[PDB]
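K.L.:
So the sequences go chain by chain: C, D, B and A. Count along the first sequence from 1, then add 11; that gives the number in the entry's author numbering. Count along the second sequence from 1, then add 11; that gives the number in the entry's author numbering. For the third sequence, position 176 matches number 176 in the entry's author numbering, and the numbering has no gaps at all. For the fourth sequence, position 128 matches number 128 in the entry's author numbering, and the numbering has no gaps at all.
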Amino acid sequence: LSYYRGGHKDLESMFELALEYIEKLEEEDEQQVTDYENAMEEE
Amino acid sequence: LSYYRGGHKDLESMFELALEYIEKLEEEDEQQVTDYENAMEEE
Amino acid sequence: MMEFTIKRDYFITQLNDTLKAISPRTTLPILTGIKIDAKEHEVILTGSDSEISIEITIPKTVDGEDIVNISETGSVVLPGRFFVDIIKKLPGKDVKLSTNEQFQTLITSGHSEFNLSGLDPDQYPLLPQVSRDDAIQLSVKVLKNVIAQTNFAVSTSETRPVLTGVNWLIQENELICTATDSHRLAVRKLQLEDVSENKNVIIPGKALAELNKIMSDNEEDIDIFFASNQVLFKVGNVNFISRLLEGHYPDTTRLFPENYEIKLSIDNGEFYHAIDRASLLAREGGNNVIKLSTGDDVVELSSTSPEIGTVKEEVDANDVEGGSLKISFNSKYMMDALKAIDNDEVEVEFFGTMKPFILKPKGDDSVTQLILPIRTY
Amino acid sequence: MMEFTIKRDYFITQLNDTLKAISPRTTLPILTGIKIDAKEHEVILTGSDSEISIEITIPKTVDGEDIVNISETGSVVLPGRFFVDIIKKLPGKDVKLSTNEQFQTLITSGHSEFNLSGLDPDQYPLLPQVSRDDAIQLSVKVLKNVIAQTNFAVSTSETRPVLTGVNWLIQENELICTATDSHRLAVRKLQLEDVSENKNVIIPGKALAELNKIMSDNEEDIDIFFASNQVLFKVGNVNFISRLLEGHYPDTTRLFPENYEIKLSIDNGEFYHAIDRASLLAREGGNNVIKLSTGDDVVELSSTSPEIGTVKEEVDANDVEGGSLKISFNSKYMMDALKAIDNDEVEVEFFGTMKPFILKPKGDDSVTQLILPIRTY
Numbered sequence: 012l013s014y015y016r017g018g019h020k021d022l023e024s025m026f027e028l029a030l031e032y033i034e035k036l037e038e039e040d041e042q043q044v045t046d047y048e049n050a051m052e053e054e
Numbered sequence: 012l013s014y015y016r017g018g019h020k021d022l023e024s025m026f027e028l029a030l031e032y033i034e035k036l037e038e039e040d041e042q043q044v045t046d047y048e049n050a051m052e053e054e
Numbered sequence: 001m002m003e004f005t006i007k008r009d010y011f012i013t014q015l016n017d018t019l020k021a022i023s024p025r026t027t028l029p030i031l032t033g034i035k036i037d038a039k040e041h042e043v044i045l046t047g048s049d050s051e052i053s054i055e056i057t058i059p060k061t062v063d064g065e066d067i068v069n070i071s072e073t074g075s076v077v078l079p080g081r082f083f084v085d086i087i088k089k090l091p092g093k094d095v096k097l098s099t100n101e102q103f104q105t106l107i108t109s110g111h112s113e114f115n116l117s118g119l120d121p122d123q124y125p126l127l128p129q130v131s132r133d134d135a136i137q138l139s140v141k142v143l144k145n146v147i148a149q150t151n152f153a154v155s156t157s158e159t160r161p162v163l164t165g166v167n168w169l170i171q172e173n174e175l176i177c178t179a180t181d182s183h184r185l186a187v188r189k190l191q192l193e194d195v196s197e198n199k200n201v202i203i204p205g206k207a208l209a210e211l212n213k214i215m216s217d218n219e220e221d222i223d224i225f226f227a228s229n230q231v232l233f234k235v236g237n238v239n240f241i242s243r244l245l246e247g248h249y250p251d252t253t254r255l256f257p258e259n260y261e262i263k264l265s266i267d268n269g270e271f272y273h274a275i276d277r278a279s280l281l282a283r284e285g286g287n288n289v290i291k292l293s294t295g296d297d298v299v300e301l302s303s304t305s306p307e308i309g310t311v312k313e314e315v316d317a318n319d320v321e322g323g324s325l326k327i328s329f330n331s332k333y334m335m336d337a338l339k340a341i342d343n344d345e346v347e348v349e350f351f352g353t354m355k356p357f358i359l360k361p362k363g364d365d366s367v368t369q370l371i372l373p374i375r376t377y
Numbered sequence: 001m002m003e004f005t006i007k008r009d010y011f012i013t014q015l016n017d018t019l020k021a022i023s024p025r026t027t028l029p030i031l032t033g034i035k036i037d038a039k040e041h042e043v044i045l046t047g048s049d050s051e052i053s054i055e056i057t058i059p060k061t062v063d064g065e066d067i068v069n070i071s072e073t074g075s076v077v078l079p080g081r082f083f084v085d086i087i088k089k090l091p092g093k094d095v096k097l098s099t100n101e102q103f104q105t106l107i108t109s110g111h112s113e114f115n116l117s118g119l120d121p122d123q124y125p126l127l128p129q130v131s132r133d134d135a136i137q138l139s140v141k142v143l144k145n146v147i148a149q150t151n152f153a154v155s156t157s158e159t160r161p162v163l164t165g166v167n168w169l170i171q172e173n174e175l176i177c178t179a180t181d182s183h184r185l186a187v188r189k190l191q192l193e194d195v196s197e198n199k200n201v202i203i204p205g206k207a208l209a210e211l212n213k214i215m216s217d218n219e220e221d222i223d224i225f226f227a228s229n230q231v232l233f234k235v236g237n238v239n240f241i242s243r244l245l246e247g248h249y250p251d252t253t254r255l256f257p258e259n260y261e262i263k264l265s266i267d268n269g270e271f272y273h274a275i276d277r278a279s280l281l282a283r284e285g286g287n288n289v290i291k292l293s294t295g296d297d298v299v300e301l302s303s304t305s306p307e308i309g310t311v312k313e314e315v316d317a318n319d320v321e322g323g324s325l326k327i328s329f330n331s332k333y334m335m336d337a338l339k340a341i342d343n344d345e346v347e348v349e350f351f352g353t354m355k356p357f358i359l360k361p362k363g364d365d366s367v368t369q370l371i372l373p374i375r376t377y
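1) May I ask you to verify whether the stretch 17-28 of chain A touches the stretch 58-68 of chain A, counting CB pairs closer than 8 angstroms and requiring at least 3?
2) Relative to the C-alpha of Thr105(B), which residue among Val68(B), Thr5(B) and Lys144(B) is closest?
3) 8 angstroms is my cut-off, CB to CB: does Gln42(D) come that close to chain C?
4) Grab the span of the beta strand (DSSP E) containing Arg188(A) for me, first residue to last.
5) Can you give me, in chain order, the residues of the stretch 138-154 of chain A that have a beta carbon less than 9 angstroms from any beta carbon in chain C?
6) Under the rule that 16 or more other beta-carbon atoms within 10 Å means buried, what is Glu52(C), buried or exposed?
7) Looking at the unbroken alpha helix (DSSP H) that takes in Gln149(B), where does it start and where does it end?
8) To be precise: take each residue of the stretch 282-304 of chain A, compare its Cβ to all Cβ atoms of chain C, and keep it if any distance is under 9 angstroms. Which residues remain?
9) Can you check the stretch 48-92 of chain A for any alpha helix (DSSP H) of at least 4 residues that lies completely inside it and give the ranges in chain order?
10) In angstroms with no decimal places, state the Cα-to-Cα distance between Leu138(A) and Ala317(B).
11) Using the three-state DSSP reduction, which class does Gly363(A) fall into: helix, strand or coil?
12) Any Cβ of chain A within less than 8 angstroms of the Cβ of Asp267(B)?
13) Skipping 5 residues on each side, what residues in its chain have a beta carbon closer than 6 angstroms to that of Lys332(A)?
14) Exposed or buried, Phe256(B), counting other C-beta atoms within 10 Å across all chains shown (16 or more means buried)?
15) If you drop the 5 nearest sequence neighbours on each side, which residues of the same chain put their C-beta closer than 8 angstroms to that of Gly74(A)?
16) Using DSSP's beta-bridge definition, name the partner residues of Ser242(A).
17) Taking only the alpha-carbon atoms, compute the straight-line gap between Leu338(A) and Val346(A) and give it to the nearest angstrom.
18) With which residues is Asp267(B) paired in a DSSP beta bridge?
19) When we look at the beta-carbon of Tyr14(D) and count the other beta-carbons within 10 Å, is it buried (16 or more) or exposed?
20) Any residues in the stretch 111-133 of chain B with a beta carbon nearer than 7 angstroms to a beta carbon of chain F? Which ones, in chain order?
21) In this structure, how does DSSP classify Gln369(A) when only helix, strand and coil are distinguished?
22) Assign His273(A) to buried or exposed, taking buried as 16 or more other Cβ atoms, counted over all protein chains shown, within 10 Å of its Cβ.
23) Please look up how many angstroms separate the CB atoms of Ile70(A) and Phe114(A), rounded, as I've assumed it's under 8 angstroms.
24) Taking three-plus beta-carbon pairs below 8 angstroms as touching, is the stretch 109-125 of chain B in contact with the stretch 175-195 of chain B?
25) With a cut-off of 8 angstroms on the beta carbons, I'd call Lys362(A) and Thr368(A) a contact; round off their distance for me.
26) What does DSSP give as the partner residues of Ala135(B) in its beta bridges?
27) Less than 8 angstroms between C-beta atoms, sequence neighbours within five positions excluded: which residues of the same chain meet that for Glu197(B)?
28) Give the residues of chain A in contact with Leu36(C), contact being defined as C-beta atoms less than 7 angstroms apart.
29) Under a CB-based cut-off of 8 angstroms, is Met334(B) close to chain D?
30) Quick check: the stretch 50-58 of chain A against the stretch 351-359 of chain B, are there 3 or more CB pairs under 8 angstroms?
31) Return the chain-ordered list of same chain residues with a C-beta closer than 7 angstroms to the C-beta of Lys88(B), the five sequence neighbours on each side being excluded.
32) 8 angstroms is my cut-off, CB to CB: does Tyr32(D) come that close to chain C?
33) With DSSP as the reference, please indicate the residues paired to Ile308(B) in a beta bridge.
34) For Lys96(A) and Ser293(B), I'd like the C-alpha separation in whole angstroms.
35) Measuring straight from C-alpha to C-alpha, what distance separates residue 413(A) and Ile290(A)?
36) From the beta carbon of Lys360(A), is the nearest beta carbon of chain C less than 8 angstroms away?
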């Protein structure tokens with residue numbers, strides 16, 4: 012999950028300087044929230 | 012956190028039928044990811 | 001050794017359709033990828049997730065202009081989301097894929113030159129074959145209207161996996177598209193132009209929200225072919241196989257009571273944005289429940305919350321019958337049922353304080369949304 | 001008992017500025033709210049989070065048209081994000097707040113009528129007062145250019161809380177705006193029009209990214225007033241207090257070596273979108289490192305990854321000196337430093353294979369971005 016955590020934070024730091032459009036980070040963010048909820052129901 | 016979990020899921024189910032614009036759900040989604048990461052470093 | 005040079009501005013808009021069937025949750029490592037297959041005159045993009053599957057034949061010419069020039073025929077299974085992310089970023093208007101042995105594709109576009117690692121297409125599973133009888137021909141505007149007016153009211157919970165699909169009940173030249181999550185109901189009546197057999201099928205909820213996206217609003221037709229387990233939405237130059245759900249769909253004709261007490265004739269924009277405003281207080285609590293209070297020519301959309309306060313709108317209902325009534329509904333189930341109305345004057349009628357209430361447009365006796373009461377007990 | 005009736009289309013765009021200082025993480029329950037204070041001729045919207053604080057005087061007239069009509073003076077502290085969420089949804093073009101005792105405001109706009117629960121404004125903390133000497137007058141275009149060319153290179157890690165702010169070094173009519181996160185550097189030189197004292201201040205990174213948003217691109221001026229701990233960005237009809245960071249900013253003049261080996265003159269759009277393409281493979285791994293390879297009139301932006309493959313661009317560098325060089329940089333630090341260049345022809349010069357390299361525009365000797373090497377060791 013730390014692989015996809017690093018992937019999401021790299022995509023967000025390449026969003027907050029407008030290097031990436033908002034819809035891609037929106038669906039990628041919902042994918043990360045799904046992964047977080049799976050990791051919280053797993054623990 | 013289940014209060015804000017219910018708040019985020021109610022805001023997302025009122026996004027996926029286009030009843031809410033994407034920027035509001037984007038910043039609200041990043042707020043939920045911040046709350047999830049605080050809850051995972053707390054546990 | 002596939003090798004073709006497709007125009008990028010068309011390959012993106014025909015590849016972003018077959019991306020919608022690629023779900024990144026499938027247990028097979030091959031179904032998370034797009035199968036590109038260039039034959040002698042066309043390129044098909046089979047994207048599947050063992051539930052829905054999209055096959056998009058891209059011919060060598062579309063409306064006169066040239067699109068693909070296949071230099072050598074073959075096939076490869078590139079990764080799914082990443083390859084569309086490549087094609088959306090390339091600078092040129094020509095994308096020349098060229099597969100070699102061990103299936104590595106050199107995506108050359110002007111100066112840029114990617115080199116992916118596609119998989120073997122011989123281990124990609126076969127497409128489900130659907131027999132070309134049981135033909136139902138809708139239009140694109142009519143079927144996008146049906147999917148907009150019915151596929152919001154499907155269930156998102158797989159505990160009852162029959163309510164997660166849209167029932168299509170064909171019997172004697174009539175199409176009855178219902179969708180229930182045991183809180184809503186959206187029955188679209190529709191008369192066809194031909195004769196069709198008695199079908200009782202359950203097309204899934206996420207198998208038509210991904211069809212509403214891949215249909216551009218045109219004058220073409222969707223020849224819908226039903227099978228025992230699959231359904232083919234043969235739109236123009238794009239197929240759409242989706243799996244019919246099993247089980248018997250529950251009878252929703254018992255959820256239609258009669259003898260209306262009050263009958264509003266309210267605007268759609270006013271009474272939609274007024275639910276959008278009146279649920280602002282009661283959605284930060286997590287729940288979304290709005291009390292309504294019908295009066296003479298007014299609809300007093302109220303809500304309250306501790307520590308935040310009180311909201312009270314007043315919407316002009318153009319024609320009200322009966323008396324006054326204080327119903328307490330759900331705001332998402334009202335905003336979805338008002339977004340589905342194409343008309344700008346819905347005709348709400350309420351059946352008492354603890355029963356469902358019809359939300360239908362006036363002038364149209366076909367579509368009747370229904371909201372079961374989530375009032376207090 | 002505040003009571004005023006402000007035009008909504010102006011109150012949203014002057015309330016969404018003072019929302020940007022309301023952060024929903026402050027330990028006080030009063031600093032998460034907007035203080036609205038209607039005086040006899042103006043309405044101020046003090047929004048703070050004990051680090052930055054925005055006071056926006058909304059007068060009774062803006063460019064001739066009437067805006068506010070204060071019926072009774074007073075003040076209230078409404079909740080922060082929720083009140084802006086209310087005002088963005090109201091139907092009318094007039095929003096009439098009316099506070100009572102115990103501070104409950106009746107937000108009436110046409111038919112809608114909210115009733116919030118504001119707090120006591122007497123327990124809201126006082127605004128930090130900044131002395132009106134040490135005046136530095138920039139323009140809006142010049143200061144938005146400085147914030148765009150410098151405030152990307154601040155540190156987001158509070159382990160070293162001096163690198164999280166933009167240094168402004170005023171000495172003899174020259175402004176030197178640096179920003180370092182020990183991997184980048186962005187030094188904007190700027191000559192002023194007046195004389196100013198020797199200032200060495202550290203304005204924070206998120207105290208100018210929230211100033212770049214609230215400045216509409218106009219011909220007005222930001223009278224910047226410095227104090228010992230605070231700085232006043234007095235834009236037209238909007239103040240902006242922000243807290244200067246403490247400590248000594250580290251000397252970044254030792255990070256400027258000389259005797260360039262190679263010197264490109266490359267396009268900005270081509271070499272920006274080519275970094276945008278070449279980092280697609282190496283950003284799904286999580287890291288973002290692109291190998292560069294300078295050749296004769298080419299810049300071979302390469303990357304690789306296991307299980308995905310290889311990308312190799314070729315960007316036309318219009319004038320290259322020296323020889324060939326294989327540097328391995330970071331793609332976000334290059335895309336930020338190419339987005340900051342207003343010009344369409346940057347002039348990259350490289351200092352060997354293990355040293356920082358200048359990324360400056362040609363024709364401008366003021367702004368010189370610098371990227372420290374994150375090449376292999």
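Beta carbons: idealized from backbone N, C-alpha and C, even for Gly.
P.N.:
Short version:
1) no
2) As a first step, residue 105(B) is located in the third sequence; it is residue number 105 there, counting from the start. Taking only the C-alpha atoms, the option nearest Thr105(B) is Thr5(B).
3) Residue numbering aside, residue 42(D) sits at position 31 when the second sequence is read from its first letter. Not closer than 8 angstroms to any Cβ of chain C, the Cβ of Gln42(D) fails to qualify, so no.
4) As a first step, residue 188(A) is located in the fourth sequence; it is residue number 188 there, counting from the start. Segment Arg184 to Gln191, the beta strand (DSSP E) holding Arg188(A).
5) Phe152
6) Start at 1 with the first residue of the first sequence, and residue 52(C) comes out as number 41. The residue is exposed, with fewer than 16 neighbouring Cβ atoms inside 10 Å.
7) As a working mapping, residue 149(B) is identified with position 149 in the third sequence. That run of the alpha helix (DSSP H) goes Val140 to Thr150.
8) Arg283, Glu284, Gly285, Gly286, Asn287 and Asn288
9) 80-87
10) Position 138 of the fourth sequence holds residue 138(A). Position 317 of the third sequence holds residue 317(B). Taking the straight line joining both Cα atoms gives about 55 angstroms.
11) For the purposes of this step, residue 363(A) is taken as residue 363 along the fourth sequence, with counting starting at 1. Coil at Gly363(A), not helix or strand.
12) Residue 267(B) sits at position 267 when you count from the first residue of the third sequence. No, no contact with chain A.
13) For the purposes of this step, residue 332(A) is taken as the residue at position 332 of the fourth sequence. If we look at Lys332(A) and ignore the five residues flanking it on each side, its Cβ neighbours are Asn288.
14) Mapped onto the third sequence, residue 256(B) falls at position 256. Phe256(B) should be labelled exposed.
15) Residue 74(A) sits at position 74 when you count from the first residue of the fourth sequence. Result list for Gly74(A): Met1, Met2, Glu3, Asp37, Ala38 and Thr99, in chain order.
16) In the fourth sequence, counting from the first residue as 1, residue 242(A) sits at position 242. Answer is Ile52(A) and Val231(A).
17) Taking the fourth sequence and counting its residues from 1, the one referred to as residue 338(A) is at position 338. Taking the fourth sequence and counting its residues from 1, the one referred to as residue 346(A) is at position 346. For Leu338(A) and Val346(A), the distance between alpha carbons rounds to 8 angstroms.
18) For the purposes of this step, residue 267(B) is taken as the residue at position 267 of the third sequence. DSSP, once it has assigned bridges, lists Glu345(B) as partnering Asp267(B).
19) As a working note, residue 14(D) is residue 3 in the second sequence. Under this definition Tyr14(D) is an exposed residue.
20) Considering every chain present, this structure includes no chain F. Its protein chains are C, D, B and A.
21) Translated into positions along the fourth sequence, residue 369(A) becomes position 369. Three-state result, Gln369(A): strand.
22) Counting from 1 along the fourth sequence, the entry for residue 273(A) is found at position 273. Buried, by the Cβ-count rule.
23) The count along the fourth sequence starts at 1 and reaches residue 70(A) at position 70. The count along the fourth sequence starts at 1 and reaches residue 114(A) at position 114. Not confirmed; about 19 angstroms, so no contact.
24) no
25) Here residue 362(A) is taken as the residue at index 362 of the fourth sequence, counted from 1. Here residue 368(A) is taken as the residue at index 368 of the fourth sequence, counted from 1. In fact, because the Cβ distance is near 11 angstroms, the residues do not count as touching under 8 angstroms.
26) As a working note, residue 135(B) is residue 135 in the third sequence. Per DSSP, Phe225(B).
27) The count along the third sequence starts at 1 and reaches residue 197(B) at position 197. Only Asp134 and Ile170 meet the Cβ criterion.
28) Walking along the first sequence from the start, residue 36(C) turns up at place 25. None at all; the shortest Cβ gap to chain A is about 12 angstroms.
29) As a first step, residue 334(B) must be located in the third sequence, where it is residue number 334. Not one chain D Cβ lies under 8 angstroms of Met334(B).
30) no
31) Translated into positions along the third sequence, residue 88(B) becomes position 88. Closer than 7 angstroms at Cβ, skipping near neighbours: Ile12.
32) By one-based count along the second sequence, residue 32(D) stands at place 21. Cβ-Cβ to chain C under 8 angstroms: no for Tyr32(D).
33) Taking the third sequence and counting its residues from 1, the one referred to as residue 308(B) is at position 308. The partner list for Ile308(B) (beta bridge, DSSP) is empty, contrary to what the question assumes.
34) Here residue 96(A) corresponds to residue number 96 of the fourth sequence, with the count starting at 1. Here residue 293(B) corresponds to residue number 293 of the third sequence, with the count starting at 1. Cα to Cα, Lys96(A) sits roughly 24 angstroms from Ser293(B).
35) Past the edges of chain A, shown from 1 to 377, lies residue 413(A), and the structure says nothing about it.
36) Translated into positions along the fourth sequence, residue 360(A) becomes position 360. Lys360(A) does not count as touching chain C.
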